[PDB]
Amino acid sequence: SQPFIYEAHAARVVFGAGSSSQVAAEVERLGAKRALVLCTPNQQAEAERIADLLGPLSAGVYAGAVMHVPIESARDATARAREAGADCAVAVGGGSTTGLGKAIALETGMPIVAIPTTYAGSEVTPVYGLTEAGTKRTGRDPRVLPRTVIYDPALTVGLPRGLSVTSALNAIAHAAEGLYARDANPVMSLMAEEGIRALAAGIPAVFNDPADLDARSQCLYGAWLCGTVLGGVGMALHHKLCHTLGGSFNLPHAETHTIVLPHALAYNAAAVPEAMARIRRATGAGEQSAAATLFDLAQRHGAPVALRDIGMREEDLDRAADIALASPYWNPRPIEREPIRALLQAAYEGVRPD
């Protein structure tokens, strides 16, 4: 019963198997006449189906989305949008594709329709990212928040078995830290816990059958709730450290989240037992720790659990601990060198937390 200020962003979310077939209707609803479809080179097939659904509303497909939105990709995409007379951007892909859409919207003001194909949750946050001279700069601007999100679990069926797990833990991370945010509120916490519950149940169902559209729906729904928590309350240690590892050492995004989460939770656990108890309840932990339970959820379904396995040099951990301590931020427990360095060593080695 502590006071709070709740803010909800305007949102329009179209959800269900086959929903991507209504893409033209959603562009028309925005009053847009020339929508540019965005994707990575690996998702051109999906992008083409979207472009075909748009028919004469299509401004073409720009298939150069790239991880962490290099500022020169943002420029190139925006140039193409301008050249096509685009008045709308339709992002078909994961966090990186949404991110290119966000960059175009940042420079042009045009609406974005997001069609997410991972569990990253970027489609519902006002946070954008640009990588310049190797370092990712992020900011917040309502302008980058997609006007409409179309969640179609059919587009996640082919999400590979690995990323389906690791992106799912990335989403759980948003919710886990949301529960202990300095600006936590009951509504965000309600959605946080439900999001964790949905993903915790969906990971094994999807792992057993990646073509199960109900299991896929349950994960996408969880991803939406998690992303909503990310967009509404402040993150802390886990997200900051993942940014450090990803940005300073080029570690793959979802996998870094997956490996770090249990150790970031172990670090903060003593400080926020109420949030931990909610994470445990939502993950079916029983008497187990939140940390151990999330570790097992990753491990049991084939995700890597050691930074060693995703390209982190053991010899860079000392530097990683220094960078983790460089730019201060609020966290429930103080960020100190030694225990951060020990968190990093345990994450490196893939030690199951107690």
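Numbering starts at 1 and follows the sequence shown.
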Query - Entry-level comparison of average CA B-factors, 208-216 and 115-123, reporting the higher stretch - result: 208-216
Query raised in the report: Which has higher Cα B-factors on average according to the PDB entry: 129-137 or 253-261?
Result: 129-137
**Report entry** Out of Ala303, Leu30, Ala292, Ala324, residue topping the C-alpha B-factor column of the entry
**Finding:** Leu30
Report task. Identify, among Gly202, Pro186, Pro142, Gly246, the residue whose C-alpha carries the highest B-factor in the deposited PDB entry. Result -> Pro142
**Report entry** Lowest, middle or highest third - CA B-factor, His238
**Finding:** lowest
Query - Entry-reported Cα temperature factor of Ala10, expressed as the chain third it lands in - result: highest
Query - Where the record places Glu314 (Cα B-factor, split into thirds across the chain) - result: lowest
Query raised in the report: If you rank every modelled residue in this chain by C-alpha B factor, which third holds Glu72: lowest, middle or highest?
Result: highest
Report task. Using the B-factor values recorded in the entry, state whether the Cα atom of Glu274 falls in the lowest, middle or highest third among the modelled residues of its chain. Result -> middle
